[PDB]
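Below, chain A is the first sequence line, B the second, and so on; all start at residue 1.
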Amino acid sequence: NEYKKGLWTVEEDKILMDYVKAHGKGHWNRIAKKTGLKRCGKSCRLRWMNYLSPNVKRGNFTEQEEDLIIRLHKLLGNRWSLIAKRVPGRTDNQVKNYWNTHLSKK
DNA sequence: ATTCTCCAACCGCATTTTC
DNA sequence: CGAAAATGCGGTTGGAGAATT
Ligand SMILES: [Mg+2]
């Protein structure tokens, strides 16, 4: 269990970002071996897709996004990657979290 | 001081890929 | 060929930061 777990530091982010910029996405397992990063591919993949990627939206969910997600969820159930495909700039994990914290309350 | 909220990132598991 | 490694998914929760006593 040499791999670090938990919150990514800015130092770790920079190493992951520089690697992905230089060598592209994927082969996530190679990163720890090629860099000083103590992170498994699984953890790298997730950090890239949910935070570092230039395609992810940063703002709070809009009322229009909320309505879209409610309706997609009604159509599709708890199939978050399938739902996220029709929510521009939001990932499965974002949509799931929004549902569980904000919409599952109702 | 302590309790609460919320979400980033983990876990276990199934599917896909590698060699 | 097929065992191990890598990818991807959805449920779950540790703990930072916000709120309360
Ligand atoms: Mg999306």
Side-chain angles (χ1 to χ4, degrees), chain A residues 3-13 15-104:
Chain A
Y3 288 118
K4 173 151 146 53
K5 291 187 217 309
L7 291 165
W8 282 68
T9 62
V10 68
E11 291 88 344
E12 293 179 291
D13 284 337
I15 299 166
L16 179 47
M17 178 61 94
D18 290 345
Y19 184 92
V20 170
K21 267 173 55 48
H23 306 118
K25 315 191 308 188
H27 304 288
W28 299 104
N29 58 293
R30 295 185 203 171
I31 293 158
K33 309 308 98 159
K34 305 290 185 178
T35 68
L37 200 59
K38 300 199 193 195
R39 292 286 190 163
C40 64
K42 196 160 181 181
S43 183
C44 294
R45 177 184 169 283
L46 204 62
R47 184 56 169 177
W48 172 262
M49 302 270 264
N50 290 318
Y51 180 77
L52 295 177
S53 168
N55 301 315
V56 316
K57 280 180 193 183
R58 312 296 175 171
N60 293 345
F61 281 76
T62 65
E63 292 181 348
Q64 293 194 248
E65 288 173 311
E66 170 177 309
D67 291 336
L68 177 55
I69 289 161
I70 291 156
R71 293 202 252 272
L72 286 166
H73 190 270
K74 192 67 166 61
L75 185 63
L76 305 174
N78 289 2
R79 298 204 277 273
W80 308 113
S81 53
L82 206 52
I83 294 167
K85 271 167 192 173
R86 296 173 74 178
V87 188
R90 311 299 193 171
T91 60
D92 59 333
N93 199 50
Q94 289 170 284
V95 176
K96 178 179 72 186
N97 282 329
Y98 189 75
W99 179 269
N100 290 330
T101 71
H102 298 100
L103 308 170
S104 195

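Counting to the nearest Å, the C1' atom of B:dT17 and the CZ atom of A:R30 are 13 Å from each other. We find that CG of A:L52 is positioned 13 Å from P of B:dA8, with the value rounded to whole Å. A:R58 has its CZ atom 11 Å from the P atom of B:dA8, to the nearest Å. One atom, CG of A:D92, and another, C1' of C:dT7, lie 13 Å apart when rounded to the nearest Å. The nearest whole Å value for the distance from the CZ atom in A:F61 to the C1' atom in B:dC7 is 11 Å. The distance between atom CG of A:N50 and atom P of B:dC7, rounded to the nearest whole Å, is 13 Å. C:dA6 atom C1' lies 16 Å from atom NZ of A:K25, rounded to whole Å. Note: OH (A:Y3) to P (B:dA9) measures 18 Å, nearest angstrom.
The residue among A:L7 and A:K42 whose nearest nucleotide of DNA chain B is located toward the 5' end is A:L7. Nearest-nucleotide positions on DNA chain C for A:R79 and A:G26 put A:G26 closer to the 5' end.
Atom-to-atom distance recorded for A:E12:CD and A:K4:NZ is 4.5 Å, nearest 0.5 angstrom. Separating the CG atom in A:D13 from the CG atom in A:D18 is a distance of 10.5 Å, to the nearest 0.5 Å.
The listed nucleotides are C:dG10, B:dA9, C:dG8; the one nearest the side chain of A:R45 is C:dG8. Nearest nucleotide to the A:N97 side chain, out of C:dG11, B:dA8, B:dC6: B:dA8. Nearest to the side-chain atoms of A:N78 among the listed nucleotides B:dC6, C:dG11, B:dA8 stands C:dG11. Checking B:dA9, C:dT7, B:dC11 against every side-chain atom of A:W28, the shortest atom distance belongs to C:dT7.
Between A:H73 and A:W99, the ring-plane angle classifies as parallel under the 30° and 60° cut-offs. Between A:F61 and A:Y98, the angle of the ring planes stays under 30°, which puts this pair in the parallel group of the 30/60° scheme.
With hydrogens and angles ignored, a donor-acceptor pair under 3.5 angstrom links the side chain of A:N93 to the base of B:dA9.
Between A:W99 and C:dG10 there is no side-chain N or O to OP1 or OP2 distance below 4.0 Å. Between A:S81 and C:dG10, a side-chain N or O to OP1/OP2 separation shorter than 4.0 Å is present.
Results of the side chain to side chain contact (heavy atoms under 4.5 Å, CB included) test with A:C44 over A:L52, A:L37, A:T35, A:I15 single out A:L37 as the only residue that passes.
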